[PDB]
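Undergrad: here's my sequence, what's the structure:
(4 chains, ligands or ions: 20)
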There are 4 protein chains.
Amino acid sequence: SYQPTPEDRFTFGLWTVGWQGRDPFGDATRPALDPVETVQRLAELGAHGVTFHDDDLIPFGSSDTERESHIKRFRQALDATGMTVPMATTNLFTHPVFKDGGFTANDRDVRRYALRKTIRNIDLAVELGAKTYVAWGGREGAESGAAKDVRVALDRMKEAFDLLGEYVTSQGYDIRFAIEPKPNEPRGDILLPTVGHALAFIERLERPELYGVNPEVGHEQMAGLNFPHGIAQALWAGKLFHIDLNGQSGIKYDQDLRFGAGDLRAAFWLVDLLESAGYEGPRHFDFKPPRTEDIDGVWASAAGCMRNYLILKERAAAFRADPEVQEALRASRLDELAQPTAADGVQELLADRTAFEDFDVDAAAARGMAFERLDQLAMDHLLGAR
Amino acid sequence: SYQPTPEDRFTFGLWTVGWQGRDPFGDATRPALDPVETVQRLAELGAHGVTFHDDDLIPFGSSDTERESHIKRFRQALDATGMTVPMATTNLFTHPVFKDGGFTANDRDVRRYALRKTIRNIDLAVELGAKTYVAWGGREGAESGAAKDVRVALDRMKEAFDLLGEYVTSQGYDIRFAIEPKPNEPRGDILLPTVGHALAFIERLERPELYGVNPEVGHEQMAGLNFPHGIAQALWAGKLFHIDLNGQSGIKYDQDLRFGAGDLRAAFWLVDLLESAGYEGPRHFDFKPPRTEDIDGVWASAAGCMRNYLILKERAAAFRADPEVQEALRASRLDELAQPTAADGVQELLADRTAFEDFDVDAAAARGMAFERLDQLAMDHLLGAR
Amino acid sequence: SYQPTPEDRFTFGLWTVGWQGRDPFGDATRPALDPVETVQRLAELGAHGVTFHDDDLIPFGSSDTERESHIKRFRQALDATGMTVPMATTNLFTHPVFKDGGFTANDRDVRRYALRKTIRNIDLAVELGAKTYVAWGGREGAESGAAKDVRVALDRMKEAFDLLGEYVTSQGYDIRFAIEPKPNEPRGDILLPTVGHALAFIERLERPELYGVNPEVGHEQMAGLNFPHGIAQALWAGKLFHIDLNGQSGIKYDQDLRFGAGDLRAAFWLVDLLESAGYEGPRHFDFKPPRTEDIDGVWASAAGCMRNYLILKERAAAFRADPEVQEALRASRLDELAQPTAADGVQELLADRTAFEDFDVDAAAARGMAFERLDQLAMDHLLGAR
Amino acid sequence: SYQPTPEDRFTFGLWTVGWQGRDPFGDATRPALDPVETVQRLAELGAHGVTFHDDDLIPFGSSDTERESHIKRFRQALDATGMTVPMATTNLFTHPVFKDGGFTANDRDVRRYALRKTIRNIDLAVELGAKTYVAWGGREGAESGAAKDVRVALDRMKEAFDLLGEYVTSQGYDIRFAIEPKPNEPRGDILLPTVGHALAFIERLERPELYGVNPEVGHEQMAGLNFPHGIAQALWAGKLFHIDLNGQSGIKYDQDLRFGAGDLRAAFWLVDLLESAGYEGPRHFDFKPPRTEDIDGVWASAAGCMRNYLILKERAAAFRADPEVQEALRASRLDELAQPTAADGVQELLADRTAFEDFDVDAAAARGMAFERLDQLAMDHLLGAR
Ligand SMILES: OC[C@H]1O[C@H](O)[C@H](O)[C@@H](O)[C@@H]1O
Ligand SMILES: OC[C@H]1O[C@H](O)[C@H](O)[C@@H](O)[C@@H]1O
Ligand SMILES: OC[C@H]1O[C@H](O)[C@H](O)[C@@H](O)[C@@H]1O
Ligand SMILES: OC[C@H]1O[C@H](O)[C@H](O)[C@@H](O)[C@@H]1O
Ligand SMILES: [Mn+2]
Ligand SMILES: [Mn+2]
Ligand SMILES: [Mn+2]
Ligand SMILES: [Mn+2]
Ligand SMILES: [Mn+2]
Ligand SMILES: [Mn+2]
Ligand SMILES: [Mn+2]
Ligand SMILES: [Mn+2]
Ligand code: NA
Ligand code: NA
Ligand code: NA
Ligand code: NA
Ligand code: NA
Ligand code: NA
Ligand code: NA
Ligand code: NA
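TA: Residues are numbered from 1 along each chain as shown, chains lettered A, B, ... in the order given. Ligands and ions are numbered 1, 2, ... in the order given. Sure, structure below:
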């Protein structure tokens, strides 16, 4: 039961299971993992593919010979296992040069370097099959108010993304960009801190159709937001190009717990939404096996991400298929929410005395929404106690 | 010193100083205020104008004769004092009929009522001179996951705002809408929870030019976000149609403290930004005098909102005018942030070896940003210890 | 399955199911409930008892004749159903007189009134059978820094609790006090904001044995704290005299969702802890049926509180009984945590070279904790997918 | 103006200005600092002393010869500058051996090692003059619910602290312990997460008089708590043995901004409280110069910590000395808060009809607290606009 296979589209970053366990107050607890080992182990667990930052695959500062070698061993592992690479990204955050940003660094020469580093890796991503290229502007932001003029920084961010869009267009590449929001950490405040801010920004790019979001469960939860709601807004906009699945225990540092951990009911509602919307993209885990774990715990935690998705998928499907739930949804007027409010138009609404002058507000007010009964059916289904 | 006059554009909602002090665990501590008294007292304190919900000005359920009477006394007070009404809004949250929303109520008849209630008050707002009409969807959202299908709710929200835009267009009215985000309270999660989400949503309306945001200091801070940053993004988008100024002590219930209270340095950076951007709109306070206060404390707290703005304006101006600060800004490369990254374009960037192959990442990395010295000049200016 | 009976010790405040739905932005959505109706309906659902504030049972300002009448009808309902009253409390928060506090009001005459109001209700509580008397100092605190000298306020709080302890001692009453922490709301910050602060304060009372805590799930979660951990510390101290069970969706206003809602895995770990510790007190729900609900939804939500406890109890028991979990606990050294570190004492520890000079830190470091496998067994048990 | 000198008691950890800038997503941005250089630079800035973890002063794993060398160079620098060492602590968090804790590690051999490591450094601390020995249990806690039995962990924590108290007592050392709370990070939840929880725990130690708290501004703010209030409770308990001063911008990762940054008004109220209470201990900064900074920015940020304390001290003194503020305090009944509520005792209170039967609740309720006027005087003083 609940055994993943490649059909389930589960993917993992090299940096997830490969995290050595260094944290702000601690040294590594595990050795570096060879990307080849990660591809093989994830394939054996039932994954569909892996993702990478440039610098996870090729050590920063590698010579061209070393680069080619690292790429060849990785491609051979992919080819041997049938593992795919649906997404890639750039590391614009680890090296000290990026201490004030990549695309929005105050130093212009750093901004140009950030773009060149990104473009090099776009070319590699395309060759390996990535259809989405993620940008996580983790260093874009500030600890203090005058350090960053945010309007001007947004000009530089737009310029950078427009330059990347011109590049991909000129090369004829079939790849799209996905902006991954995060509200803070490692900057005191990060630019484009939520799904909303990223969606809004995209609409001022030159070629908005080339850009979407890569929301992460834990990141929206670091702002105390409802992740399923934000995903719904991204889906409504047509912009859910990729997703990062994990867990987070509230408003704190970015934990990157395995999926299912943290806010379990939000994980349930997320899976319910992805499945009923027909999301077709990768089910990507951006998680960290806690540094308490040895390598065997790394693979257990990775397996748990997939298992939890599959359990939740089963429970959500059972919830929506239950005739008692379909009745409760009617009792709560979820069907009526889908009716247009005023397809008859403004003049007909204005002339309709049943909408105002003769509307019995007290009788309407007295009608309960029946949401608690509906939610307890949902609880029962999640818990297998339906 | 720091004496407000109407030239300063300070405005207040009737419901601010008029708050009787009822909270989730407490009865009223002050009597209801007559709108006429509020207009006169605010005028004497140096305010420029007032704002209202329909139901603050005219008691809900008033007959047409009573309505006209309430409106006439208010207009006479405005006319006598020279107080203006730059903004108005609808109460789509107090009456029990709105328990599941106005525009996104699951019951269709409630959605239609919400629109009619809004349209009636738009007509009044225009007559009184409001150029901005605020929508705060405080009841739009959910406590539980299946209660609200958010994609469908967003369809209903869009339909409602598009209907209002068709109405104002057909009447030829010179008024614009401003959506006021809030992340939660009184719903467990509110739709369009931040400035970003509201900006994003606007871009999918039929007539996006008619809609902007009315961000509130405390509301973005209820998500732990940086209010000056969010205002910067709204300004960058051309969408800061109005603002609500107040204070908030962290991630908790909506406090609506007087402006300056709560996060004082964020208040400083906000004023710095509004003044350097040339924001021309009302400086509107959406605050609650704490229920500890009697009527004399109400007016003290209102006066304090204005005084704090004026003090912060002076300090921010002194900061930006100080030659030592202008040097520190250069030292921190704020000037260089404004240079285009690659106006030379993609081919020139790709051919520029100084951007990649020959870029000395370590020398760049070693250069300090000097942000702490800059921020301590800012601190010194705020504290008057420059 | 999961049918509550009085043996399960479930109790509810009159103010829970009796909440009329007034919130900071909304009028009542339900009529007032007669306490007699609440006793009868809860008894039919399988509850064991009810709790009350003075002013829930007897309207504030009732004459002595009216008081006696309200008490008699309630006692007759209790007597008819076999419902108990294990806890009572005072309302020191609704009336405007308490706007700056009860026991720590700056006005001395208010502090004295608060004590008299409390003592009157202690006498009633004892007659009705309450063994715990809760104090929730919801108005004790401040919105601003100089309004409340906290050291002096703590002196007044101690004086009040010591006076109450002298009263109960002199009357020979068998009742204990339980302080209910909350971090904020309705005050900007509330004194004794967490379980820890309340436990600490108790140790400086004259008769500390008479005082414990009444922690509430949602209140500790309003500080982002781990409720099971705080309960563990209260149990460790011998101070878990009562508990309030509910749900909360993060760091925000006090939601008082039904138990099980909000942080579901924290609800699981809480039940696991209460059951393995042998907590014998009431399983009391301090919740609000959302104001979306009519009366039928009130009773559904109340029933859901009890059902969720019972489901979680079953899952937690199954988890701890599973041989695979008992093995995983050993693999993770939970057994070894219970061994004394150094029962051999300080001189033997200092002379033990295996504790320092000859301790192989790297071999110890390399041993994984196996916590992820353990936690995934816990997840599987919660979800019924063991 | 605002020039620190040793008389001001300012101290800094070696790890503060010595932070190399590694964060969870970034490599070091600055070179390691020699402790000798730190002592000399801080002395030149006007500091009084420095603090250390064992492993900041002596590299982990140093041979006895290397240890003695590191200690000698440091003592020579101290001796040359007149810099003191008022506090020391153990690093029980960086090495991978401590991945599940020191004193509460599930592995018993790790717990014993943690104690030996601590005892070795106590002996050094005493020699160097430390009068306070801090314990920060940053690894004590869990990411998952079954990983740590908190009651049993508290038994192990108590055992460890009792063993340390027996050791210091047997050696005759004049040193006290201070527990530094933090709610989370690097563990998902940390044991003893707040000042309150630590104060409570101390009262169950064998020799409670030997233990107090070392609260940190940012740590209490990571739980959204009021730091001045928590300090007031620690002072009220007689347990403020040391303090860590810094800044924090809300509920997020531990930022360790320079003091004054983050919540500026809380910094003001903190200084007001420390000065009026007569706190005599070190004014210790536990801060991180942001990794954006080079070495010159390190010393600017360190200097800014001290400058901000001194500015705030001046403003707080001016506030309390202002006759207008002393009148406002009376208007707000801060004087009356200091009067005993019922020194006349319980029988006299019960017989006093002015406390209940004849108390005019409405007249009392109608009296405003005048807190807003008081707080605006405080604002004016902070801003130098009095
Ligand atoms: O962009 C891919 C990844 O970059 C970094 O690893 C971020 O920490 C992570 O959240 C993001 O998903
Ligand atoms: O929309 C105007 C106002 O409506 C309500 O009063 C909200 O509480 C407030 O935040 C909003 O600004
Ligand atoms: O003290 C009993 C109750 O008083 C109030 O109703 C509080 O809101 C609640 O949290 C508390 O449990
Ligand atoms: O215990 C002294 C220090 O140990 C670590 O450096 C912690 O991060 C810090 O908060 C604490 O004060
Ligand atoms: Mn993350
Ligand atoms: Mn991610
Ligand atoms: Mn507000
Ligand atoms: Mn507002
Ligand atoms: Mn509550
Ligand atoms: Mn409660
Ligand atoms: Mn810290
Ligand atoms: Mn610290
Ligand atoms: Na590689
Ligand atoms: Na573009
Ligand atoms: Na009126
Ligand atoms: Na439109
Ligand atoms: Na009654
Ligand atoms: Na006592
Ligand atoms: Na050294
Ligand atoms: Na002891």
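Undergrad: for stretch A:200-211, which positions count as buried?
TA: By neighbour count with 16 or more other C-beta atoms under 10 Å in any protein chain shown, stretch A:200-211 contains the buried residues A:200, A:201, A:202, A:203, A:204, A:205, A:208, A:210, A:211. (C-beta placed from N, C-alpha, C; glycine too.)
Undergrad: now do stretch A:126-137
TA: Within stretch A:126-137, the residues that count as buried by 16+ other C-beta under 10 Å are A:126, A:128, A:130, A:131, A:132, A:133, A:134, A:135, A:136, A:137.
Undergrad: quick check, nearest of those residues to ligand 17?
TA: The nearest member of the buried residues of stretch A:126-137 to ligand 17, counting by C-beta to the ion, is residue A:136 at 58.6 Å.
Undergrad: now the closest one: how far from ligand 15?
TA: Separation of residue A:136 from ligand 15 (C-beta to the ion, to the nearest Å) stands at 52 Å.
Undergrad: could you pull up the residues touching the residue nearest to that residue when sequence neighbours are not counted?
TA: Nearest residue to residue A:136 in three dimensions, chain neighbours excluded: residue A:180, at 4.1 Å (C-beta to C-beta, 6 or more residues apart in numbering or on different chains). Residues counted as contacts of residue A:180 (C-beta atoms under 8 Å, 6 or more residues apart in numbering or on different chains) are A:134, A:135, A:136, A:198, A:213, A:214, A:215, A:216, A:219, A:244.
Undergrad: can we see that at 6 Å?
TA: Counting by C-beta atoms under 6 Å, 6 or more residues apart in numbering or on different chains, residue A:180 touches A:134, A:136, A:214.
Undergrad: host element of the first one?
TA: This means residue A:134. Using DSSP states H and E, residue A:134 sits within strand A:132-135.
Undergrad: so what strands line up beside that strand?
TA: Here strand A:132-135 is paired, per DSSP bridges, with strand A:87-89 (parallel), strand A:176-179 (parallel).
Undergrad: picking up where we left off before, and the buried residues of stretch A:200-211, which two are furthest apart?
TA: Greatest spacing in the buried residues of stretch A:200-211, by C-beta to C-beta: A:200 and A:210 (16.1 Å).
Undergrad: identify, from the buried residues of stretch A:200-211, the entry nearest to ligand 12.
TA: Taking C-beta to the ion as the measure, ligand 12 lies nearest residue A:201 of those, at 36.7 Å.
Undergrad: quick one: secondary structure of the closest one?
TA: helix (DSSP: H, G, I helix; E, B strand; the rest coil).
Undergrad: ok, it - contacts?
TA: Neighbouring residues of residue A:201 by C-beta under 6 Å, 6+ apart: residue A:192.
Undergrad: for residue A:210, same thing?
TA: A:165, A:176, A:177.
Undergrad: redo these as TSV? Include distance to ligand 1 and neighbour count.
TA: Shown next, in TSV, are the contacts of residue A:210 (distance: C-beta to the nearest ligand atom, whole Å; neighbours: other C-beta atoms under 10 Å in any protein chain shown):
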residue	distance to ligand 1	neighbour count
A:165	18	20
A:176	15	18
A:177	11	24
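Undergrad: around ligand 3, pick out the residues from the stretch 151-300 of chain A.
TA: Residues of the stretch 151-300 of chain A that fall close to ligand 3, judged by C-beta under 6 Å from any ligand atom: none.
Undergrad: before we move on, back to that, pick the one among the buried residues of stretch A:200-211 closest to ligand 16.
TA: For the buried residues of stretch A:200-211, the closest approach to ligand 16 (C-beta to the ion) belongs to residue A:203, at 14.8 Å.
Undergrad: check the stretch 51-200 of chain A for the residue nearest ligand 2 and tell me.
TA: Here the stretch 51-200 of chain A gets closest to ligand 2 at one residue, residue A:196, 18.1 Å apart by C-beta to the nearest ligand atom.
Undergrad: that residue sits in which helix or strand?
TA: Assigned by DSSP H and E, residue A:196 belongs to helix A:195-202.
Undergrad: just want the angle from that helix to helix B:195-202.
TA: Put simply, helix A:195-202 runs at 50 degrees to helix B:195-202, going by axes from the mean of the first three to the mean of the last three C-alpha atoms, to 10 degrees.
Undergrad: is any residue of helix A:195-202 near ligand 1?
TA: No - if you take C-beta under 6 Å from any ligand atom as the test, helix A:195-202 misses ligand 1, and the best it gets is 12.7 Å.
Undergrad: other SSEs contacting whichever helix or strand comes after that helix?
TA: Once the chain leaves helix A:195-202, the next helix or strand it forms, by DSSP H and E, is strand A:211-213. Under the contact definition 3 or more C-beta pairs under 6 Å, 6 or more residues apart in numbering or on different chains; DSSP states H and E, strand A:211-213 sits against strand A:176-179, helix A:195-202.
Undergrad: at 10 Å instead, please
TA: Judged by 3 or more C-beta pairs under 10 Å, 6 or more residues apart in numbering or on different chains; DSSP states H and E, strand A:211-213 is in contact with strand A:132-135, helix A:150-171, strand A:176-179, helix A:195-202, helix A:227-237.
Undergrad: which of those sits closest to ligand 18?
TA: Nearest of these to ligand 18, taken as C-beta to the ion: helix A:227-237 at 46.9 Å.
Undergrad: restrict the closest one to CA atoms and write it as PDB.
TA: What follows is helix A:227-237, C-alpha atoms only, in PDB (Å, rounded to 0.1, in the frame of the first residue of the first chain):
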ATOM      1  CA  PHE A 227      -0.800  27.400   1.600                       C
ATOM      2  CA  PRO A 228      -3.900  25.700  -0.100                       C
ATOM      3  CA  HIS A 229      -5.400  29.100  -0.500                       C
ATOM      4  CA  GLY A 230      -2.300  30.500  -2.100                       C
ATOM      5  CA  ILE A 231      -2.100  27.500  -4.400                       C
ATOM      6  CA  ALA A 232      -5.700  28.100  -5.300                       C
ATOM      7  CA  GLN A 233      -4.900  31.700  -6.300                       C
ATOM      8  CA  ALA A 234      -1.900  30.500  -8.400                       C
ATOM      9  CA  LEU A 235      -4.000  27.900 -10.100                       C
ATOM     10  CA  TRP A 236      -6.800  30.500 -10.700                       C
ATOM     11  CA  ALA A 237      -4.100  32.700 -12.400                       C
END
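Undergrad: on contacts alone, who are the packing partners of it?
TA: Counting by 3+ C-beta pairs under 10 Å, 6+ apart, helix A:227-237 packs on helix A:195-202, strand A:211-213, helix A:217-221, helix A:264-277, strand B:141-142, helix B:150-171, strand B:189-190, helix B:195-202.
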